[PDB]
Protein chains: 14
Amino acid sequence: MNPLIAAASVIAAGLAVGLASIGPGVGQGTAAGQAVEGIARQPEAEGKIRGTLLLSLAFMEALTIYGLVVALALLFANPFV
Amino acid sequence: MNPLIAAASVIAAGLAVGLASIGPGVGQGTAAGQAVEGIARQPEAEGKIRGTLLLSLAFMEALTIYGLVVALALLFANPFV
Amino acid sequence: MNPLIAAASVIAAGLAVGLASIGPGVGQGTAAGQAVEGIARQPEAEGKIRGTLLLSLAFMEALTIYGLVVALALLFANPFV
Amino acid sequence: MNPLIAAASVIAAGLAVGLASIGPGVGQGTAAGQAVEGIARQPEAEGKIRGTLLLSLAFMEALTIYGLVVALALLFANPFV
Amino acid sequence: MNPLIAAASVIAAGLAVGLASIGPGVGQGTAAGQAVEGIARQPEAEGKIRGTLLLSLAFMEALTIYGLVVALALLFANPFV
Amino acid sequence: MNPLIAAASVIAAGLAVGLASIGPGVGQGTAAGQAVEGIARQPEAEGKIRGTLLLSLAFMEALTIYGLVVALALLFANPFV
Amino acid sequence: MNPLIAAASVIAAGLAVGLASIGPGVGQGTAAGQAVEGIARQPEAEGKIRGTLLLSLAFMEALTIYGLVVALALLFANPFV
Amino acid sequence: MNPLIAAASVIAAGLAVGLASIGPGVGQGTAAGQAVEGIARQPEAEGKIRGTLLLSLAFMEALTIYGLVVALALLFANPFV
Amino acid sequence: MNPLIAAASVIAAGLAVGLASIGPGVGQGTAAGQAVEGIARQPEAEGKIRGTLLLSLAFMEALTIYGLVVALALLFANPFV
Amino acid sequence: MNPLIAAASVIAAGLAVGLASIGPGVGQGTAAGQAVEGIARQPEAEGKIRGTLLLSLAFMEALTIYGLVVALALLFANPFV
Amino acid sequence: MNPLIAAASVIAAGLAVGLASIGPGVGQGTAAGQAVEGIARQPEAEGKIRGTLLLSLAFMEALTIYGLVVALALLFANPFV
Amino acid sequence: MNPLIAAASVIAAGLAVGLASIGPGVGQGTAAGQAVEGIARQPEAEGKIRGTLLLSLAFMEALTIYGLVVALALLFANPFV
Amino acid sequence: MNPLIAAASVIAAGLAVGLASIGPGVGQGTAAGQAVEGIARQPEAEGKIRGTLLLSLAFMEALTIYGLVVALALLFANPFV
Amino acid sequence: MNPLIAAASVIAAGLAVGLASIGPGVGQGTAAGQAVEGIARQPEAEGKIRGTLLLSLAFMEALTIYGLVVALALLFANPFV
């Protein structure tokens, strides 16, 4: 009853943060890999490449942070428990 | 009964935000990777490349935000609890 | 009974929006990646490339929006609860 | 009992629209990606390429719409509830 | 009892239409992608390419339509409910 | 009891037609893709290519039709209900 | 009891025919794809290519037919019901 | 009890034949694909290529037949029912 | 109770033979594919290629036969039923 | 009751840290691999390459650390137990 | 009770031998494929290639045999039944 | 009750350490593979390559160690049992 | 009770040895394949190649042996039964 | 009670060691494969290549050993049984 909501909440938190890193994890690697390959091919373009990569890493990091925010909400701002 | 709806809601929220980052995570990486590869090959085209990438990252970020919106609705604007 | 329908509805909503971004997420990345690669190779064709990409991103975004619409219907226009 | 049909219906709706975007999502991206690559290689063929792509996107969009139609039928034209 | 058949039927309908688009979704994208690549390489062959593609898209669309037909039968021509 | 057979039958039908399109879906796309690529490379061989493709599409379509036949048998020629 | 065997039988039939097309579906596509690619490269070898392909398609079709045979046996020659 | 053995047996039969075609399905396609590619490249070697392919197809077909044999044994030579 | 051992045994048999063909199926195809590609490239080496392939097919066939042996033992030499 | 929340919490912790390393694990490898490939091709660019890689590894490491933080919170800062 | 151990044992045996062939199956194919490719490219190196392949096939076969040994132990040398 | 927390804890520990090696396992291999390829291509760059690889291996090893730490905490610093 | 521990132990043993061969199976194949490819390209390097391969096969074999050791411990050195 | 903890512990041990070899198995193969390819291309660099590979194999072996350590702890240093 009262325990079920809390039990469901902690499971939801684990799933939220756990699953949220799978896509962005693979994606950040793909971006970063082509970035350093680009720098090796065109060292003078490091600034342009690093700038575009950082922008990209931020967009992908945000995806996982949405998962963290929900997990933290389920633990420390839970409106049902 | 009353606990089951809340329990289901928090699980649904975790799933919504967790699953929603898998595709866009991989996708943003693919786009970002070819972007920095393009910049390395054609540094003078950085502006055009960064512009088209940012447009693409926004479309893909939105996919995951739909998941976040539903999760936030299930937690803080729940119509059944 | 009455709780089961609501419980099923919130789970369905989470699944609907969560699953709906997997394909379009990967797809938008593939399209966007080849778009910026194309711009790097042929900067003069940016307009034609961006036009075709935007059309494609819209078709793929719609796929996930169908998921969002059903999720929002299950939460805020539920005909069974 | 009476709630089981409605509960099954909302789950079915979520699955129908959620799963239906996975294939067409990936597919539309593949098509759109080769389309913009083609335009970059042969800008004079934009019309032919855009025409064939649009035809293809429609065929793939329909696949997911079948899922949406069933989901909407399960929610708003349910013959068992 | 009477509810179980209806409950099973709506789940079956969702699965039928949902799963049926995964393969044809990916397939149509592969075909369409090589079609527009072919048009870019050989614009004079557009007619032959579009003809063969359309034939292929129809064969693949049919695969998913079999799923839709069964789903519609389970909802609106159910012989057990 | 009596409802279980009908309930199992509709689930079996959904699975049969749903799963049966996954392989042939991907396969038809692979075949069709190389077909249009071949036509672009060798337009004079369209007839030979279209002939072999049609034969191949039929073999792959049959795979999914076996699924449809079983589904239709489970719904409209069920020997247990 | 008596219903359980029939219920298990129809599920088994659906699984048998459904799963049996996944491998052969992908396989037939791979074979057919390289066949039409071969015809495009070497049109004079169409006969040899089509002959070897047909042999291959038969071997792969048989794999799925084993699934159909078991499904038909479970439905119409069931030794337990 | 008595029904459980028969129920388990039919499920086992479906799984046995269903799963047994996944690997050999993909494998036969890989072999057949490289065979027709080889014939296109070296038409004079058709006999040698077809001979080695047929040997390979037999070894892979046998893998799935082991599944069929067990399924047929579970249905028509069951020592427990 | 008493039926549980027999019920578990038939399920185990189905799983044993079903799963055992997945790896060797894919593997035999990979080996056979490169074998016929090798024969096309170097027809004079057919004997050496066929010899090494046959050795390899035997090692891979054995993997699945271990599954068949256990399945046959569970059905016809069961020490617990 | 009191045990269920603790039981759910430890499971959630395991899932959180376990799942959170899958994506970043693959991603860090992709980035690091292209980094050392880049250094081999352009040894003079080691500094630029190492700098961009380290930035990327930090972004990807953070993804998994979010999982660790939630796990540690569930164990040692649990607000429900 | 007494039946549960035997029931668990036969399931364990099926899983042990079934799962144990997946990796080695794919692996042996990869090794054998590059072996025959090598022989085609360098027929004079057949002896060296066959020797290294046989060593490799033995190491991979052993992986699956560990599964067979445990399965046979669970059936015919079970210390708990 | 008291056993459930301990039972959940040991399962969580197994999952934590088991799952945590999947990503970093694949990743470390990718990095190490390109490292030795780089050394072969540019032996004079061994030091730079080994330095960047070691940094990368540490970042990836840490991912799995987070899993080990949680597992060890669940076993030997469990705050709920 | 007493049967549950033994039942869990035999399942654990099957899983341990079954799952433990998946990675090392694929890995040994990758290593062995590049080894024989290397020998074909550089027959004079057979000794160096075979030596490094054997070292690698041992490291990968050990991974699966850890699984066998645990399985054998669960069967023949079980501390709970 | 006492049996549940022991039962959970042996399952956890099997999962821990079983799953822990999947990633490192694939990874070690990737590294070892490129190592022997490198030796074939640059036999004079064997020492440098073998050194970097061994370092890498150790890092990857450790990943699986963490799984073995937890499994051994669950069996022979269990703090709950």
# chains A, B, ... in the order shown; residues from 1 in each chain; ligands from 1
>>> residues_around(residues="segment 66-73 of chain K", least_positions_apart="3", cutoff="9 Å", atoms="only C-alpha atoms", output="PyMOL selection string")
(chain I and resi 66-67+70) or (chain K and resi 9-10+12-21+61-63+76-79) or (chain M and resi 13-14+17-18+21+64-65+68+71-72+75)
>>> residues_around(residues="segment 49-53 of chain I", least_positions_apart="3", cutoff="6 Å", atoms="only C-alpha atoms", output="list in words")
residues 46 and 56 of chain I; 36 of chain K
>>> write_last_selection(atoms="C-alpha atoms", output="PDB file, in the first residue's frame")
ATOM      1  CA  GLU I  46      38.994 -25.433 -54.720  1.00  0.00           C
ATOM      2  CA  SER I  56      35.192 -26.130 -40.136  1.00  0.00           C
TER       3      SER I  56
ATOM      4  CA  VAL K  36      39.649 -20.198 -46.661  1.00  0.00           C
TER       5      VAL K  36
END
>>> interface_residues(of="chain M", to="chain I", cutoff="10 Å", atoms="only C-alpha atoms", output="PDB file with N, CA and C atoms, in the first residue's frame")
ATOM      1  N   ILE M  22      29.634 -16.824 -24.613  1.00  0.00           N
ATOM      2  CA  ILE M  22      29.067 -15.932 -25.668  1.00  0.00           C
ATOM      3  C   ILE M  22      30.159 -14.967 -26.141  1.00  0.00           C
ATOM      4  N   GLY M  25      33.618 -16.733 -27.157  1.00  0.00           N
ATOM      5  CA  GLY M  25      33.315 -17.426 -28.424  1.00  0.00           C
ATOM      6  C   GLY M  25      33.515 -16.503 -29.617  1.00  0.00           C
ATOM      7  N   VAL M  26      32.841 -15.348 -29.609  1.00  0.00           N
ATOM      8  CA  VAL M  26      32.913 -14.321 -30.688  1.00  0.00           C
ATOM      9  C   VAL M  26      34.351 -13.795 -30.762  1.00  0.00           C
ATOM     10  N   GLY M  29      37.117 -16.079 -32.246  1.00  0.00           N
ATOM     11  CA  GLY M  29      36.885 -16.120 -33.701  1.00  0.00           C
ATOM     12  C   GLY M  29      37.498 -14.917 -34.394  1.00  0.00           C
TER      13      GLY M  29
END
>>> residues_around(residues="residue 41 of chain B", least_positions_apart="4", cutoff="10 Å", atoms="only C-alpha atoms", output="list in words")
residues 38, 41, 42 and 45 of chain A; 35, 36, 37, 45 and 46 of chain B; 37, 40 and 41 of chain C
>>> atom_distance(atom1="atom CA of residue 81 of chain M", atom2="atom CA of residue 2 of chain N")
11.6 Å
>>> calpha_fit_and_write(fixed="chain H", moving="chain I", output="PDB file with C-alpha atoms, in the first residue's frame")
ATOM      1  CA  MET I   1      -1.594 -31.675 -13.813  1.00  0.00           C
ATOM      2  CA  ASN I   2      -2.027 -34.440 -16.487  1.00  0.00           C
ATOM      3  CA  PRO I   3      -2.616 -31.718 -19.148  1.00  0.00           C
ATOM      4  CA  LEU I   4       0.633 -29.862 -18.108  1.00  0.00           C
ATOM      5  CA  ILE I   5       2.938 -32.435 -19.905  1.00  0.00           C
ATOM      6  CA  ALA I   6       0.965 -32.152 -23.221  1.00  0.00           C
ATOM      7  CA  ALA I   7       0.745 -28.317 -22.796  1.00  0.00           C
ATOM      8  CA  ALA I   8       4.553 -28.098 -22.176  1.00  0.00           C
ATOM      9  CA  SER I   9       5.189 -30.515 -25.134  1.00  0.00           C
ATOM     10  CA  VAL I  10       3.323 -28.372 -27.773  1.00  0.00           C
ATOM     11  CA  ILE I  11       5.077 -25.155 -26.506  1.00  0.00           C
ATOM     12  CA  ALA I  12       8.472 -26.990 -26.664  1.00  0.00           C
ATOM     13  CA  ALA I  13       7.662 -28.131 -30.273  1.00  0.00           C
ATOM     14  CA  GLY I  14       6.816 -24.536 -31.390  1.00  0.00           C
ATOM     15  CA  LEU I  15      10.033 -23.141 -29.778  1.00  0.00           C
ATOM     16  CA  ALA I  16      12.192 -26.014 -31.210  1.00  0.00           C
ATOM     17  CA  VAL I  17      11.172 -25.417 -34.906  1.00  0.00           C
ATOM     18  CA  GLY I  18      10.713 -21.603 -34.515  1.00  0.00           C
ATOM     19  CA  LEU I  19      14.173 -20.799 -33.005  1.00  0.00           C
ATOM     20  CA  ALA I  20      16.028 -23.447 -35.131  1.00  0.00           C
ATOM     21  CA  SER I  21      15.607 -21.454 -38.441  1.00  0.00           C
ATOM     22  CA  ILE I  22      17.021 -18.078 -37.182  1.00  0.00           C
ATOM     23  CA  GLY I  23      20.772 -18.911 -37.524  1.00  0.00           C
ATOM     24  CA  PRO I  24      20.610 -21.218 -40.598  1.00  0.00           C
ATOM     25  CA  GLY I  25      18.230 -18.689 -42.276  1.00  0.00           C
ATOM     26  CA  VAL I  26      20.806 -15.830 -42.006  1.00  0.00           C
ATOM     27  CA  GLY I  27      23.729 -18.240 -42.734  1.00  0.00           C
ATOM     28  CA  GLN I  28      22.270 -19.794 -45.943  1.00  0.00           C
ATOM     29  CA  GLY I  29      21.638 -16.219 -47.231  1.00  0.00           C
ATOM     30  CA  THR I  30      25.276 -15.152 -46.541  1.00  0.00           C
ATOM     31  CA  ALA I  31      26.639 -18.294 -48.338  1.00  0.00           C
ATOM     32  CA  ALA I  32      24.153 -18.048 -51.288  1.00  0.00           C
ATOM     33  CA  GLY I  33      24.865 -14.277 -51.656  1.00  0.00           C
ATOM     34  CA  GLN I  34      28.676 -14.738 -51.976  1.00  0.00           C
ATOM     35  CA  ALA I  35      28.045 -17.785 -54.277  1.00  0.00           C
ATOM     36  CA  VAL I  36      26.061 -15.741 -56.909  1.00  0.00           C
ATOM     37  CA  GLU I  37      28.560 -12.818 -56.493  1.00  0.00           C
ATOM     38  CA  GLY I  38      31.348 -15.380 -57.229  1.00  0.00           C
ATOM     39  CA  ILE I  39      29.462 -16.741 -60.310  1.00  0.00           C
ATOM     40  CA  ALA I  40      29.041 -13.125 -61.642  1.00  0.00           C
ATOM     41  CA  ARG I  41      32.822 -12.470 -61.142  1.00  0.00           C
ATOM     42  CA  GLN I  42      33.919 -15.934 -62.483  1.00  0.00           C
ATOM     43  CA  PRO I  43      31.112 -17.613 -64.519  1.00  0.00           C
ATOM     44  CA  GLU I  44      33.482 -20.500 -65.549  1.00  0.00           C
ATOM     45  CA  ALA I  45      33.710 -21.521 -61.815  1.00  0.00           C
ATOM     46  CA  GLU I  46      29.879 -22.041 -61.460  1.00  0.00           C
ATOM     47  CA  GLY I  47      30.261 -25.861 -61.023  1.00  0.00           C
ATOM     48  CA  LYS I  48      32.916 -25.591 -58.240  1.00  0.00           C
ATOM     49  CA  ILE I  49      30.934 -22.725 -56.544  1.00  0.00           C
ATOM     50  CA  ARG I  50      27.517 -24.542 -56.765  1.00  0.00           C
ATOM     51  CA  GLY I  51      29.136 -27.786 -55.435  1.00  0.00           C
ATOM     52  CA  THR I  52      30.666 -26.072 -52.335  1.00  0.00           C
ATOM     53  CA  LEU I  53      27.436 -24.025 -51.750  1.00  0.00           C
ATOM     54  CA  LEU I  54      25.186 -27.168 -51.887  1.00  0.00           C
ATOM     55  CA  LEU I  55      27.482 -28.958 -49.347  1.00  0.00           C
ATOM     56  CA  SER I  56      27.235 -25.815 -47.093  1.00  0.00           C
ATOM     57  CA  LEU I  57      23.401 -25.445 -47.489  1.00  0.00           C
ATOM     58  CA  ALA I  58      23.020 -29.154 -46.435  1.00  0.00           C
ATOM     59  CA  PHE I  59      25.133 -28.619 -43.227  1.00  0.00           C
ATOM     60  CA  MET I  60      23.015 -25.496 -42.361  1.00  0.00           C
ATOM     61  CA  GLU I  61      19.631 -27.125 -43.315  1.00  0.00           C
ATOM     62  CA  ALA I  62      20.527 -30.064 -40.958  1.00  0.00           C
ATOM     63  CA  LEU I  63      20.790 -27.562 -38.012  1.00  0.00           C
ATOM     64  CA  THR I  64      17.060 -26.621 -38.453  1.00  0.00           C
ATOM     65  CA  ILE I  65      16.025 -30.273 -39.225  1.00  0.00           C
ATOM     66  CA  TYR I  66      17.339 -31.258 -35.711  1.00  0.00           C
ATOM     67  CA  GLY I  67      14.718 -28.745 -34.423  1.00  0.00           C
ATOM     68  CA  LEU I  68      11.979 -30.261 -36.684  1.00  0.00           C
ATOM     69  CA  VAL I  69      12.895 -33.860 -35.574  1.00  0.00           C
ATOM     70  CA  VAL I  70      12.556 -32.890 -31.835  1.00  0.00           C
ATOM     71  CA  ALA I  71       9.247 -31.011 -32.544  1.00  0.00           C
ATOM     72  CA  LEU I  72       7.837 -34.071 -34.461  1.00  0.00           C
ATOM     73  CA  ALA I  73       9.070 -36.371 -31.599  1.00  0.00           C
ATOM     74  CA  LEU I  74       7.331 -34.100 -28.981  1.00  0.00           C
ATOM     75  CA  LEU I  75       4.039 -34.269 -31.003  1.00  0.00           C
ATOM     76  CA  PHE I  76       3.934 -37.827 -32.509  1.00  0.00           C
ATOM     77  CA  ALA I  77       6.490 -39.932 -30.489  1.00  0.00           C
ATOM     78  CA  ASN I  78       6.034 -38.298 -27.016  1.00  0.00           C
ATOM     79  CA  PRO I  79       7.283 -40.735 -24.315  1.00  0.00           C
ATOM     80  CA  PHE I  80       5.750 -38.794 -21.323  1.00  0.00           C
ATOM     81  CA  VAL I  81       2.110 -38.286 -22.577  1.00  0.00           C
TER      82      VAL I  81
END
